[PDB]
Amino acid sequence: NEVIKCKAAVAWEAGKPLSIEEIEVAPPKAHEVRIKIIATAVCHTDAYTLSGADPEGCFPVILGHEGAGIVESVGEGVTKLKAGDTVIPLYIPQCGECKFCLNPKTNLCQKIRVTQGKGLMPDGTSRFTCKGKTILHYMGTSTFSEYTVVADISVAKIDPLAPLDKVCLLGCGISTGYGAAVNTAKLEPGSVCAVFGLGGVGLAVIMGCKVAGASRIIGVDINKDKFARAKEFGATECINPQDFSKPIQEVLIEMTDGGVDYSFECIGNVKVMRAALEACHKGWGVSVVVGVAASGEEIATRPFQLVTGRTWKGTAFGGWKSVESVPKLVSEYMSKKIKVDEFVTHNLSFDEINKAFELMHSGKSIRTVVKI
C-alpha cells in the first residue's frame, strides 16, 4: 500500500473555521485499517473540541467521529477485514481481550485509550500530514477526510446494502440514545419516562423508550421548535422549563404522581442532571446521564434522594460493545425496527462542511450529513 493524497477538513487552531486542505494519508501499519469515508456527520463534541474549551483538545487535528465508508486497505496481521468491506469506524473500540471487553457489564475497551486520547494510532504516531506538519487523529476515527486510518479494533463491519449516507449516524448519536434506553436503563414495558434535551441523542432515547414499550414519554427542551419531531418519535407530550415558575423536577413530579420511572439527561448541563435525578420517582426511579458536561463541573444532590431509592447512572455510546453491536444496529435499521433517516435534517457536500457547524450553533439541526 502507498501514501494517499486526498482532501480533508483540517482544524489548524481553536476557534477558526475548518480548512479544506490537500493532505497525505500513510498506508496502514500492523493491525490498522485505511477507510474510504463516504459520508460523515457533525456532532456537538466536534464543535466543542474546535472551540478550544476542551482541556484535552490539541491542534492541528482532523475531527469527525460519525462516519461510514469502505475499507481501502488493511495492515499486516489483519485477517477479519479486507478491501471492499462496508464499515463504520468506532470511537469506542472492542479488542475482545481486555478485562473490560470480557465483562458483560461494560463496553469501555481500554486497549488503545491512551494513544487515542492523544490523537495517535496505537504505535504512538499519526498517519496524517499536511504542508509539512503532522496532523493529529480525533476520537480514533478522524472522519472529516476522504481517507482515514484507524486501529483494526475500531471497526464495525456492516451490511453491504446499508445506505452509508444514513448509517453514518449509527457511529454516535442514534446508537447512544437508543442504547441508553435499552441497555443502560433497560426500561420495562409501561415505564414512565422523561427525556431532557431533544436533539439527536434525546430523539434516539425516545425511540428506545418506544421500542421498549414505555407508556408515557415526556420530552423536555427550552427550544419548543424541537417538540414536533419529538412527538413524531413517540413523545406523548413535551414541556419547556421556561414556561414554569417551579423547578422542572417539581413540575414532573406533579405531572406523574411522584416522578418518572426513568429519566435521561441528553444535554450535558449539571444543573439539569440534578433535576433529572430529582424528577425520578421515590423507591425505584433511575436517571441516566447521557450528556457530557464541561470538564471540572460537578453534579450534586442530597444523599436522601438515593437512600429513598433513586439510582444515578451514565452511559458511553449507549453501552454497546461496539464491534459486535453496530452491525446488529445496522440490521435493525435495515429491518425497520429502528429509525435513522428521520434524524437527517440537512445534507451538504464536503467543501460546505463549515455550514454544518453553523446549523448546529443556530439550533436548527438534528444531524447534517456531509457527503464526501
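Residue positions are given as counts along the sequence shown, with the first one as 1.
Enquirer: Tell me which stretch has the larger mean Cα B-factor in this entry, 116-124 or 171-179.
Expert: Comparing 116-124 with 171-179, the higher mean C-alpha B-factor belongs to 116-124.
Enquirer: Taking the recorded C-alpha temperature factors, which stretch has the higher mean, 338-346 or 51-59?
Expert: Looking at the recorded C-alpha B-factors, 51-59 comes out higher on average.
Enquirer: If I read the C-alpha B-factors straight from the PDB entry, which of 309, 64, 327, 28 is highest?
Expert: The C-alpha B-factor peaks, among 309, 64, 327, 28, at 28.
Enquirer: Looking at 77, 213, 283, 200, which has the biggest Cα B factor in the entry?
Expert: Result of the comparison over 77, 213, 283, 200: 77.
Enquirer: Going by the recorded CA B-factors, say which third of the chain residue 302 sits in, lowest, middle or highest.
Expert: Bottom third by C-alpha B-factor.
Enquirer: When the modelled residues of the chain are sorted by Cα temperature factor, does residue 313 land in the lowest, middle or highest third?
Expert: According to the entry, residue 313 has a C-alpha B-factor in the chain's lowest third.
Enquirer: Comparing against every modelled residue in the chain, figure out the third that the C-alpha B-factor of residue 253 lands in (lowest, middle or highest).
Expert: Middle third, going by the recorded CA B-factors of the chain.
Enquirer: Split into thirds by Cα B-factor across the chain's modelled residues, where does residue 88 land: lowest, middle or highest?
Expert: Tercile = lowest for this residue's CA B-factor.
Enquirer: For residue 106, return the chain-relative third of its C-alpha B-factor as stated in the PDB record: lowest, middle or highest.
Expert: For residue 106, whose C-alpha B-factor we compare with every modelled residue in the chain, the answer is the lowest third.
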